[PDB]
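Here's the structure, in structure tokens; my notes come after.
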Amino acid sequence: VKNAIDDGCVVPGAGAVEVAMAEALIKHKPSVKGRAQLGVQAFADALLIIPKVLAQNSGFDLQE
Amino acid sequence: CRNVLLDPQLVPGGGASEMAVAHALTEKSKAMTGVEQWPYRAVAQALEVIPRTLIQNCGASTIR
């Protein structure tokens with residue numbers, strides 16, 4: 001919490017930002033090999049574990 | 001036909017068919033408050049299994 005006062009900047013929690021970068025990532029935009037284009041794919045995946053477990057731990061699914 | 005010709009009444013199906021009586025049944029069990037109430041509890045949700053199957057049929061969260 002001190003970071004909230006220690007940093008005048010803060011950033012949204014509760015998944016709001018999570019799906020965004022994933023949407024914005026546009027994995028094909030890395031075209032070089034798939035060195036990047038594949039490693040960005042697990043990335044947007046790794047991004048969304050934050051909503052996952054929260055959507056997970058309740059009813060429905062995480063994805064749902 | 002001869003079943004409709006048998007029976008000239010017909011019902012909105014699914015959980016509508018299912019969820020209707022359990023209440024009255026529980027309403028009975030609540031009112032009847034015997035140990036017969038316990039079947040009317042045991043009776044209550046047995047209506048909802050095909051709805052569970054219906055919730056299977058849609059492929060959704062049943063408990064919800």
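For the structure tokens, the naming scheme is as follows: chains receive sequential letters (A, B, ...) according to their order of presentation, residues are indexed from 1 within each chain, and ligands are indexed from 1 in presentation order.
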Exercise for review: Just the residues within 9 Å of region 39-45 of chain B, please, counting only C-alpha atoms, with nothing from its chain fewer than 6 positions along; format it as number ranges by chain.
Suggested key: B: 18-19, 21-30
Kindly export the residues of the current selection with N, CA, C and O atoms, as a short mmCIF file (atom, residue, chain, number, x, y, z; two decimals), in the first residue's frame.
```
data_model
loop_
_atom_site.label_atom_id
_atom_site.label_comp_id
_atom_site.auth_asym_id
_atom_site.auth_seq_id
_atom_site.Cartn_x
_atom_site.Cartn_y
_atom_site.Cartn_z
N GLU B 18 -39.70 -28.89 -14.21
CA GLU B 18 -38.99 -29.42 -13.06
C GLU B 18 -39.16 -28.54 -11.82
O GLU B 18 -39.60 -29.01 -10.77
N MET B 19 -38.86 -27.25 -11.94
CA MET B 19 -38.70 -26.42 -10.75
C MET B 19 -40.04 -26.08 -10.11
O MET B 19 -40.07 -25.59 -8.98
N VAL B 21 -42.85 -27.96 -8.98
CA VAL B 21 -43.54 -28.66 -7.90
C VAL B 21 -42.69 -28.69 -6.63
O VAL B 21 -43.23 -28.60 -5.53
N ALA B 22 -41.37 -28.81 -6.78
CA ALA B 22 -40.47 -28.92 -5.63
C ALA B 22 -40.79 -27.87 -4.58
O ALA B 22 -40.86 -28.18 -3.39
N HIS B 23 -41.00 -26.63 -5.01
CA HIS B 23 -41.43 -25.58 -4.10
C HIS B 23 -42.69 -25.98 -3.34
O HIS B 23 -42.61 -26.13 -2.11
N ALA B 24 -43.81 -26.19 -4.03
CA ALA B 24 -44.98 -26.77 -3.39
C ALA B 24 -44.62 -28.02 -2.59
O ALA B 24 -45.05 -28.17 -1.45
N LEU B 25 -43.82 -28.90 -3.18
CA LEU B 25 -43.32 -30.07 -2.45
C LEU B 25 -42.54 -29.69 -1.20
O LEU B 25 -42.84 -30.20 -0.11
N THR B 26 -41.53 -28.83 -1.32
CA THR B 26 -40.89 -28.31 -0.13
C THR B 26 -41.89 -27.55 0.74
O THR B 26 -41.93 -27.74 1.95
N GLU B 27 -42.70 -26.69 0.11
CA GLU B 27 -43.80 -26.04 0.80
C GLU B 27 -44.63 -27.05 1.57
O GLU B 27 -45.00 -26.81 2.73
N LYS B 28 -44.93 -28.18 0.95
CA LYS B 28 -45.46 -29.32 1.69
C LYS B 28 -44.51 -29.76 2.79
O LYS B 28 -44.85 -29.68 3.97
N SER B 29 -43.31 -30.23 2.42
CA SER B 29 -42.35 -30.69 3.43
C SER B 29 -42.23 -29.70 4.57
O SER B 29 -42.26 -30.07 5.74
N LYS B 30 -42.08 -28.41 4.23
CA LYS B 30 -42.11 -27.38 5.25
C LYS B 30 -43.40 -27.44 6.05
O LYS B 30 -43.38 -27.46 7.28
#
```
For chain A versus chain B, which residues have an atom no more than 10 Å away, and what is each residue's nearest atom pair and distance in Å rounded to one decimal, using only C-alpha atoms, chain-then-number order, as a Markdown table?
```
| residue | atom | partner | partner_atom | distance |
| --- | --- | --- | --- | --- |
| A:59 | CA | B:61 | CA | 7.5 |
| A:60 | CA | B:61 | CA | 5.9 |
| A:61 | CA | B:61 | CA | 8.7 |
| A:64 | CA | B:60 | CA | 9.5 |
```
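Using only C-alpha atoms for every distance, the candidate list A:54, A:5, A:47, A:10 yields A:47 as the residue closest to residue 25 (chain A).
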Check your understanding: Counting only C-alpha atoms, what is within 10 Å of region 33-43 of chain A, bar same-chain residues fewer than 6 positions away, as a ChimeraX atom specification?
Key -> /A:21-22,25-27
Exercise for review: Select from chain A everything DSSP, run on the backbone, classes as helix (DSSP H, G or I), then give the selection as a PyMOL selection string.
Suggested key: chain A and resi 2-6+18-25+35-47+49-57
Check your understanding: If you measure from CA of residue 20 (chain B) to CA of residue 5 (chain B), what distance in Å do you get, rounded to one decimal?
Key -> 24.4 Å
